[PDB]
Each structure stands twice: as C-alpha cells, then as structure tokens.
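Have a look at the structure below before the remarks.
Number of protein chains: 2
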Amino acid sequence: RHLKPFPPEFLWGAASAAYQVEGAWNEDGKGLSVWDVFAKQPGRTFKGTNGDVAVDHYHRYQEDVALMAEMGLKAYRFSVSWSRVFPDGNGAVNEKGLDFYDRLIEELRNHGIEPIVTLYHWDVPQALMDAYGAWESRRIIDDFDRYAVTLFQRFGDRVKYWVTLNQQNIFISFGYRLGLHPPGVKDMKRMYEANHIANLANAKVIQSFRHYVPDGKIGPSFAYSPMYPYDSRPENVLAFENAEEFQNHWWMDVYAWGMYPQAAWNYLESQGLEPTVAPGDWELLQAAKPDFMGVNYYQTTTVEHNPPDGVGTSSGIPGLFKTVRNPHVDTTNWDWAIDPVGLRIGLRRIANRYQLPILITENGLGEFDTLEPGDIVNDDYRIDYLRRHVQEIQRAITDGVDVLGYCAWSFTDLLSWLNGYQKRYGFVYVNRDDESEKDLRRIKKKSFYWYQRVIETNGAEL
Amino acid sequence: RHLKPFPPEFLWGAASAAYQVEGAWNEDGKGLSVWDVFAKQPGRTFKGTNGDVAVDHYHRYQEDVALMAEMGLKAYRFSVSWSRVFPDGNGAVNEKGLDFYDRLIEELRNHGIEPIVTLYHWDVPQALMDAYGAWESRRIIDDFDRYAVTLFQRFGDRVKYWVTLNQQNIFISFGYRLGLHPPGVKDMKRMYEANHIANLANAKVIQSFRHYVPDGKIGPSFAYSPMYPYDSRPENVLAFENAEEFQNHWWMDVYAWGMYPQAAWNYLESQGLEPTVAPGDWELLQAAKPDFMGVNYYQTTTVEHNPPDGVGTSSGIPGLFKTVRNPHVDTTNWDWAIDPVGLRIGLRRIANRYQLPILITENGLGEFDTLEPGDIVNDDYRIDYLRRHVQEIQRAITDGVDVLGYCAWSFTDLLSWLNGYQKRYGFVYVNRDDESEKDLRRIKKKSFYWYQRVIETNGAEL
Ligand SMILES: O=P(O)(O)OC[C@H]1O[C@@H](O[C@H]2[C@H](O)[C@@H](O)[C@H](O)O[C@@H]2CO)[C@H](O)[C@@H](O)[C@@H]1O
Ligand SMILES: O=P(O)(O)OC[C@H]1O[C@@H](O)[C@H](O)[C@@H](O)[C@@H]1O
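Line order of the protein sequences matches chains A and D. Under PDB author numbering, the residues of the first sequence are numbered 4 to 315, 329 to 478, in order. Under PDB author numbering, the residues of the second sequence are numbered 4 to 315, 329 to 478, in order.
Below, the structure written as structure tokens:
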C-alpha cells in the first residue's frame with residue numbers, strides 16, 4: 004500500500020493557550036478573567052500556581068517566535084485573551100490589548116509562520132460573569148460576537164485560519180457539571196443550558212466570519228475521545244452507541260449539522276435536563292457550517308454495559337454506559353491511554369460522518385522532564401509518542417481524510433489549569449517550577465530537533 | 004426508565020415476495036422472469052424446486068387474506084412481479100397482471116389491512132436481461148421507472164406505503180459477486196457498475212413517486228447486518244470502521260444522502276472497481292430523499308483486523337477487515353446468529369446517522385416445523401425469536417427511534433430461492449414439501465395466535 008505524502012501546504016504546527024503562557028495578568032489595561040479569579044481561590048490549584056506570570060510569553064514573545072522560526076514551524080496556534088481586548092467583556096475596546104496580538108501576528112508573519120487564532124480558551128472576562136453569569140446568559144452571544152468581529156476586522160487580512168470555541172465540552176462540563184473549572188458549578192441542568200448558549204455563540208460568530216473574512220477558514224475545536232466497545236457482546240456495542248452519541252455527537256453534530264442527536268436529547272428530556280430552545284435557534288445553528296472540524300486528541304475511551312443502578329476508576333451514566341480499562345493499549349504514567357491508531361479512527365469517523373476537513377489543534381505528551389547538565393532534555397518518550405501519532409495521521413490521509421494540519425501541544429512548557437508546571441508538554445523547556453519562576457529561560461528539548469526534521473522533510477523522516 | 008408503548012398506528016405486519024409465494028408462473032400473460040429461468044437450471048435449487056406453483060398464492064389469495072384478517076394484521080407487505088405487468092419488461096402493459104394486484108389490494112382494503120407494495124424483489128423480466136443485460140445497462144433506469152409509474156398510477160390512491168428496491172445489496176452482490184443468484188456473475192467490477200445503475204433507478208422512481216403519490220411514503224429496503232468489532236484492540240475497531248462503511252454505509256449513505264462514503268470509494272478506485280459516473284448522477288441521487296429506511300434484519304456480523312495478505329468461514333477484504341464468529345450471540349439450528357439486541361443497535365445507528373424513520377420490512381425465524389395430528393403446529397421457537405426482536409424494537413422506540421412498523425417474515429410458508437420448502441418461516445403452515453404440492457392447505461401455527469394477541473394489545477402482551 005503506497006502511503007500518500009503530507010500535502011504541500013500541510014500546517015505543521017504547535018499550540019498554546021493564553022492563560023497558560025502569557026502572564027501579564029494585570030498589565031496594559033487587561034481586565035480580570037474568570038481564571039484570574041478562580042485560580043486564586045485557596046485550594047483550587049496545585050501549590051497555588053496561577054497565571055499571573057505563567058511563562059511570561061507576553062514579554063518574551065519575540066524570543067519564543069524566534070525559536071519557532073528556528074524549528075521551521077509552518078503554523079502557530081494561540082488563543083486571544085478576551086479580557087485584554089475588552090477588559091469588561093463588552094464596553095470599550097482596549098487598543099493596547101489588540102496591539103499585543105498585532106505585534107505577535109506581525110512577528111509570526113515576518114518569520115513565515117501562519118497564525119491560527121483561537122477566539123476562546125476558557126477565559127471569559129470576570130465582568131460578564133459578575134453581570135449576568137457569562138455562558139448562562141444569551142447576552143453572551145452578542146458580546147462574544149462583538150469581540151470576535153473586532154478580531155476579524157483587525158486581523159482578518161493576515162489570519163486565514165481561525166478556531167472559535169476550543170474544547171467547549173471541557174469548559175462547559177468542567178465548569179458546570181464537575182465544578183473543577185469556573186464557575187465551579189455542579190448542576191447538569193445549568194450545564195446543558197450554558198452548553199446551548201455556547202452553541203449559539205459559536206454559530207453566530209461563524210455567520211459573522213462569512214461577512215468579514217470571506218476568504219478565511221473557521222471552525223470549532225472539539226476535545227475528542229473516540230469511544231470503543233469493550234467487545235462484541237451486543238450490550239457492550241450498545242453501550243458504545245450510547246457513549247459515542249452522548250459524549251461526542253452531542254457536540255460535533257451541532258457543529259456540523261446544527262442538530263442534537265435524538266436518543267441523547269430524549270434521555271436528557273426524560274431527566275428534565277434538555278436546554279431551553281428559543282425561536283430562531285435551530286435556524287441559526289443549521290446555517291453556520293464550518294470549514295473544518297478542529298480536533299484536540301489525547302486518547303480513546305473503552306466502554307461497556309452499565310445497568311440502571313450502576314456506575315455514575330470507572331465513570332459513566334447508569335443505563336447508558338460506563339468506562340473500562342482497555343487491555344489492548346499502553347498507558348501513560350497518569351493512566352491516559354496511548355492510542356495513536358485511535359487518532360486515525362477518530363479522523364476516519366469525522367470524515368465518514370460529516371465529510372469535513374480536520375485540523376488537529378492539539379496532541380502531545382505530558383511528562384516530568386529532567387534538565388540534565390549542559391541544558392539538555394532527553395525526551396525520547398515525547399518523540400516516540402508524537403512520531404506514532406504523525407504516522408497514523410499519514411495513514412488517515414492515505415485513507416482519504418482531508419487533514420489540514422497538526423498542532424503539537426505545546427510549543428513551550430506552560431502552566432496547567434489545576435496541576436502546576438511539573439508535567440511538561442513543550443518542545444521548549446521553560447526553567448521554572450511550582451515554587452518560583454526561576455529565570456524563565458527557554459531550553460530546546462531533543463523533541464524540538466526531531467520535529468524540526470519532520471517539518472523539513474514534510475513528514476518523510478519520523 | 005419505563006418502556007414506552009408502541010405508537011397507536013404502529014404497522015404490525017407480515018411479508019412475502021412474489022416469486023416465493025405466487026406460482027402461476029405462465030398464467031394470464033405473465034412473461035418469464037430471470038428467476039423462472041435461473042431456477043430451472045439443473046442443480047441450481049434444492050431438489051429442483053422452483054416457483055412454477057410455490058404455495059399457489061396467485062389462486063389462493065382470498066383465503067390468505069382471510070387468514071390475515073383473522074390474525075388482525077395491520078399491514079401486509081408483498082412484492083409486485085414486474086413480469087406480470089410488463090411481460091417483456093417494457094412495451095405493452097398486461098392488464099390481467101395488474102388486475103391480480105388490484106384484486107389483492109381490494110381484498111386487503113376490504114378487510115382493513117394496509118397494503119405495503121414492494122416494487123422489486125429480484126425478478127426483472129428475462130426479456131430485459133436478453134435485450135441489454137438488465138441491471139448492467141442504464142436502459143433499465145427508464146424501464147424500471149415506467150413500470151413503477153404504472154403501479155403508482157393504478158394503486159397510489161389505495162396504497163400509502165411503498166418499498167422500491169428490496170435488498171439491493173443482496174440481489175447485486177449475490178448476482179454479480181458471489182454468482183449465487185441471477186445472472187450468475189462473479190466480477191466485482193460488474194457488481195459495482197450494476198449497483199450504481201440500481202442506485203439511479205431507485206432515485207428516479209422516488210422522484211416519480213413525489214408527483215404521482217404526493218401523500219404517500221416511500222423508501223428502499225436494505226438488508227442490514229450491523230457490524231461489531233471483535234474487541235477493543237484499535238486495529239479491530241478500525242476494521243469495524245472499514246466494514247460498517249464498506250458493507251452498510253456504501254448503500255445507506257446513497258439512499259439517505261446521495262453520496263458514497265469516501266474511504267470506501269477511494270479503496271475501490273485504487274482497485275479499478277469504482278463505478279462509472281455520468282453527468283447528472285450525483286444531482287439525481289441527492290434529490291431523491293426517502294420517507295423511511297426499510298430494514299431487513301436477521302443478524303449482526305463481527306469483524307477483526309485482516310492484514311494485506313489475509314482473508315479475501330471467514331470472509332473479508334485484505335487490509336480492511338475479515339469476519340469472525342461472535343462468541344457472544346446464540347445461533348439458530350442453521351448457524352445463523354440470533355442477536356435481537358443487534359436489531360436495536362441497527363435501528364439506533366440509522367436514526368443517529370440519518371434521522372430517518374424505519375420500517376422493519378423483514379425479520380423472522382426459519383426452522384423445520386412438524387405438523388402434528390389435528391392440524392397443530394407448535395412453533396414456540398418462532399414465538400421466542402419474534403418476541404425477543406419485538407422487545408428490542410420497543411426499547412429502540414423508547415430510546416427515540418421512529419419505527420413505523422414491523423413485518424414478520426413471513427405470513428405463510430414460502431419457497432426459498434435456492435433451498436426448497438423445509439426451512440419454514442410462516443405464521444401459517446402450507447402443507448406441501450420439496451417433492452409434492454400435497455393439498456397446499458393452510459394451517460395456523462401457534463405463532464399465528466401469539467401474534468394475533470400482540471396486535472390486539474398493540475405490543476403490550478408479548
Ligand atoms: O430459506 P432461506 O435461504 O433461509 O431464505 C430466507 C430469506 O432470506 C432472505 O434474504 C437473506 C438470505 O437468505 C441470506 O443468504 C442473506 O445473507 O441474508 C438475506 C438478508 O435479508 C430473503 O429476503 C427472503 O426472500 C428469504 O425467504
Ligand atoms: O497538565 P494536564 O492536566 O495534563 O493538562 C494538559 C492539557 O489538557 C488539555 O485538555 C487542555 O487543552 C490543555 O489546555 C492542557 O494543557
């Protein structure tokens with residue numbers, strides 16, 4: 004079987020998120036985000052780590068882009084911090100905030116790197132939470148649209164690729180069901196209402212994008228764990244049907260088709276959990292087709308039958337499914353599956369169901385890297401993980417999936433939302449830890465040079 | 004979770020096919036079908052059994068309909084023999100042939116039974132095979148359309164529910180890949196060409212139906228074996244992705260969306276097997292949406308990884337998948353799997369992928385039946401099989417699938433295409449065998465009274 008090459012304009016990328024890298028949390032007129040406030044609540048984050056400084060990319064962006072150019076990155080995906088642009092979410096635009104992203108975009112373009120702008124990575128301005136509960140109010144649809152249009156107007160001439168909501172399923176479920184992320188709520192009814200409003204906000208911004216960036220490409224990015232049945236027991240295959248629909252189609256069908264899947268809807272309706280639908284909602288959701296599906300991928304999930312008095329280790333929904341360890345894949349040191357074939361499966365499923373091109377917006381390995389004498393980081397484990405995923409992407413392309421690019425997570429080490437700094441993801445080590453910022457110096461890991469060679473050969477040497 | 008009831012207008016049905024029941028193979032001007040000719044080839048059918056007489060429904064239809072009314076059937080699904088209506092396939096209409104179906108439809112309507120007319124059950128007139136190779140020629144599109152339009156014009160005022168091609172995947176694959184059915188060809192290239200022509204014929208007649216029967220409901224019926232992965236090994240899940248797309252989406256995506264799935268298309272193209280596409284084909288296929296998906300269901304299929312030098329007992333496609341026995345399902349005395357949950361899974365998959373209502377056009381158990389003195393046939397095994405499938409349909413309805421009805425296969429015993437009469441499917445035993453027509457008398461089996469009670473309670477008592 005001859006494999007197809009990676010296409011000539013394949014976006015070999017790397018990625019970050021604003022709160023995780025920028026720092027400068029109160030500089031240049033930036034307003035408070037919900038994460039600025041949440042992470043300072045005692046006990047919320049490991050060792051009290053927060054984004055006040057992070058890795059200081061706000062001040063060190065020129066050095067970081069110089070490293071990207073040394074690597075030969077074709078694309079860099081970053082998020083814009085809404086609270087830098089509209090400190091209060093709505094109201095007056097902050098020109099100094101826009102100017103940072105203008106300088107970053109110019110730095111990228113001057114080095115031949117395609118910017119991929121992510122509108123939203125979980126950091127809605129605290130003022131919108133204070134005023135109306137942020138994602139629980141339809142008011143956010145127009146406020147988010149005004150913010151997005153501002154970015155489209157300022158940067159649409161120079162940015163072709165845009166991501167709207169990044170991992171909506173995570174920020175909504177962690178914020179409103181698990182209570183782990185802002186606003187720290189544990190209420191499924193509120194979760195599904197906020198989720199519906201986020202769906203409308205995504206659709207509204209895509210419609211606006213067609214007016215302001217007619218030659219651009221836009222899509223949401225979904226945190227996709229493809230589901231597997233444990234085996235060929237009919238009840239386990241049925242559990243897989245339930246899980247793939249409830250965990251995955253629930254989001255991606257809205258993004259692609261503007262419709263929630265019916266079995267999941269009817270289940271929520273039987274629990275009194277389905278969202279409130281207003282006139283015009285379906286019309287808007289259906290009339291906002293994206294150019295691609297963004298995919299954040301780390302692992303698959305295997306499921307089995309879960310009786311109605313069952314699991315609510330394993331997690332699941334009684335009567336629908338429960339998770340079970342997959343005996344046929346390796347695991348990371350944090351019990352995450354390592355399943356590169358699962359990435360090919362997920363790509364195939366998206367092409368098969370929606371016929372959409374895919375931008376892989378995030379994939380990477382987190383591990384406790386050691387800085388050895390001479391400023392050397394031997395992260396062969398990260399090379400092995402990335403190599404295997406890139407190989408499976410090439411097989412998915414050969415199968416016929418249109419993959420637009422691959423953004424490794426992450427370019428530099430960064431702050432995790434709740435777990436501090438020690439589990440590192442970067443190609444570039446940042447010298448700091450949970451106790452202090454040290455000197456924040458950037459140190460290329462072995463994986464940096466491996467990926468440099470991948471890009472130079474367009475994937476022929478992995 | 005309590006099960007939902009069956010909807011009040013649920014079509015409790017039973018079904019047959021013209022060649023399998025009618026007889027009267029050369030009466031009232033009927034022309035030869037491809038099956039009249041094929042079954043008379045020596046050695047082709049068990050003990051030389053053929054459709055010359057079958058169970059003589061052509062002459063005994065009044066008694067058979069009287070039995071349906073005694074059972075309280077809500078619907079009877081039958082096929083129309085094209086060669087009775089157009090003995091030469093095209094050319095002159097045969098009024099005596101139409102008159103049989105008119106008399107049958109009047110008998111059904113006089114007893115309050117909904118006719119479900121199936122346009123095609125494998126019996127294209129031999130004259131069209133001789134003239135141009137039947138399904139291998141685009142000429143059949145207009146000839147099939149003129150036949151269908153004739154039926155719509157004569158019967159559309161009295162028939163709401165119509166099935167177009169019944170089990171296209173079977174008549175095409177058995178006729179052109181396995182050589183088991185007419186025309187006895189074993190050539191994948193020819194199979195995919197004939198299949199594409201059948202797709203166009205289906206779409207053309209649905210378009211005609213929208214004009215002639217504006218209040219009717221129409222759809223194709225697909226012989227659906229839902230695929231399962233053997234286990235959660237990523238390569239086996241990938242084999243399942245390949246198999247479901249190649250075996251199932253290849254047909255149902257064309258019916259629902261007018262498009263072949265891309266990974267399967269690209270594989271066939273790499274083998275030189277993809278069909279020839281003419282201008283206008285995609286437009287026609289996309290503009291012929293059905294009201295429902297018909298489903299003929301007997302069993303699921305489990306698959307596993309198949310290396311490129313592998314199977315092509330097990331069957332499959334090297335590099336894509338191969339079948340494997342599922343250790344987690346029962347079997348009939350003929351080694352067909354018994355998997356009622358698989359029916360729920362298939363119904364869920366069709367709703368989840370296509371949002372279509374489903375008419376279950378065929379499901380039943382074939383087994384030897386013993387005629388006991390006093391005209392008693394105790395077929396508790398058939399009751400058990402049907403009960404378990406109906407129970408799973410009720411669960412699919414509860415999940416949110418719109419199931420329009422359920423046609424048990426079959427109403428009376430009938431002639432098998434290749435295997436004679438001994439493996440019986442009816443609610444009504446027919447006293448004949450492979451060697452003799454005996455007296456052709458109809459004898460109600462125990463399952464007849466069971467289904468009568470199902471219908472009386474609208475499925476509440478199973
Ligand atoms: O008497 P048999 O051979 O058991 O035939 C029963 C009915 O078979 C249905 O089609 C089956 C077919 O027999 C299988 O070979 C194939 O794999 O499955 C299809 C699935 O529907 C026919 O629909 C019916 O006309 C026969 O009575
Ligand atoms: O450090 P952790 O907890 O493994 O988190 C890693 C990543 O988890 C992903 O879900 C998020 O998209 C990233 O923002 C985050 O960096």
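Note that beta-carbon positions come from the ideal geometry of N, C-alpha and C, so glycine has one too.
With a minimum length of 3 residues, the unbroken runs of beta strand (DSSP E) contained wholly in the segment 143-187 of chain D fall at 164-169.
By the beta-carbon neighbour count (other beta carbons within 10 angstroms, threshold 16), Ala226 of chain D is buried. Beta-bridge analysis with DSSP links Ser36 of chain D to D:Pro128. Contact note: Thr305 of chain D reaches chain A through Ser235, using a C-beta cutoff of 7 angstroms and chain order. At least one heavy atom of ligand 2 falls within 6 angstroms of the beta-carbon of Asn435 of chain A. Distances between the C-beta of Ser176 of chain A and the heavy atoms of ligand 2 are all 6 angstroms or more.
Taken through DSSP and simplified to helix, strand or coil, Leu70 of chain D comes out as helix. For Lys192 of chain A, the closest C-alpha among the options A:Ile175, A:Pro217, A:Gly442 is that of A:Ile175.
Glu30 of chain D sits in coil when the DSSP states are folded into three classes, being neither helix nor strand. Residue range 14-18 is occupied by the beta strand (DSSP E) that includes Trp15 of chain D. Boundaries cannot be given for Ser432 of chain A, as no alpha helix (DSSP H) includes it and DSSP labels it neither H nor E. Interface with chain D (7 angstroms Cβ-Cβ cutoff): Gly358 of chain A is included. Comparing alpha carbon positions, the residue from D:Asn269, D:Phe81, D:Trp125, D:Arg106 closest to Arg364 of chain A is D:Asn269.
Here the alpha carbon of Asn379 of chain A sits roughly 39 angstroms from the alpha carbon of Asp418 of chain D. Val240 of chain D has a beta carbon lying within less than 7 angstroms of a beta carbon in chain A.
Per DSSP, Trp425 of chain A is not a residue of any alpha helix (DSSP H); the beta strand (DSSP E) it occupies stretches across 419-425. Close to chain D, meaning a Cβ-Cβ distance shorter than 8 angstroms, are the following residues of the segment 246-267 of chain A: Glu248, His252, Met262, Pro264, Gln265, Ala266. In the DSSP annotation of this structure, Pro237 of chain A is not part of any beta strand (DSSP E); the continuous alpha helix (DSSP H) holding it starts and ends at 237-246. Beyond the five residues adjoining it in sequence on each side, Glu453 of chain A comes within less than 6 angstroms, by CB distance, of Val56 in the same chain, given in chain order. Residues of chain D whose Cβ lies closer than 9 angstroms to the Cβ of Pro232 of chain A are, in chain order, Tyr231, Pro232, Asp234, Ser235, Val240, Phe243.
Counted as a single uninterrupted DSSP element, the beta strand (DSSP E) harbouring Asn299 of chain D occupies residues 296-299. At a Cβ-Cβ threshold of 7 angstroms, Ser228 of chain D and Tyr231 of chain A do not count as neighbours. Note: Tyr79 of chain D is bridge-paired with D:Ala17, D:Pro118 in the DSSP secondary-structure output.
Partner residues in the beta bridge of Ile221 of chain D, as assigned by DSSP, are D:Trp165. Contact annotation, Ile409 of chain D with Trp466 of chain D: C-beta distance approximately 16 angstroms; criterion of less than 8 angstroms not satisfied. With 16 or more other Cβ atoms from the protein chains shown falling within 10 Å of its own Cβ, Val298 of chain A counts as buried.
Straight across, the Cα-Cα distance linking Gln170 of chain A with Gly442 of chain D is about 54 angstroms. Look at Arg4 of chain D: its C-beta is under 7 angstroms from a C-beta on chain A. The Cβ atoms of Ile119 of chain D and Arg80 of chain D sit closer than 7 angstroms to each other. Secondary structure of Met230 of chain A (DSSP, three-state): strand.
Taking C-alpha positions only, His114 of chain A is separated from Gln65 of chain A by approximately 11 angstroms. Going by beta carbons, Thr414 of chain A and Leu6 of chain A fall inside the 7 angstroms limit. Under the three-state reduction of DSSP, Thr428 of chain D is assigned to strand. With a threshold of 6 angstroms, the Cβ atom of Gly382 of chain D counts as near ligand 1, since some heavy atom of the ligand is closer than that.
Below the 8 angstroms Cβ cutoff, chain A contributes no neighbours of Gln302 of chain D, its closest Cβ being approximately 11 angstroms away. In the structure shown, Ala353 of chain A adopts extended strand secondary structure according to DSSP, grouped into three states.
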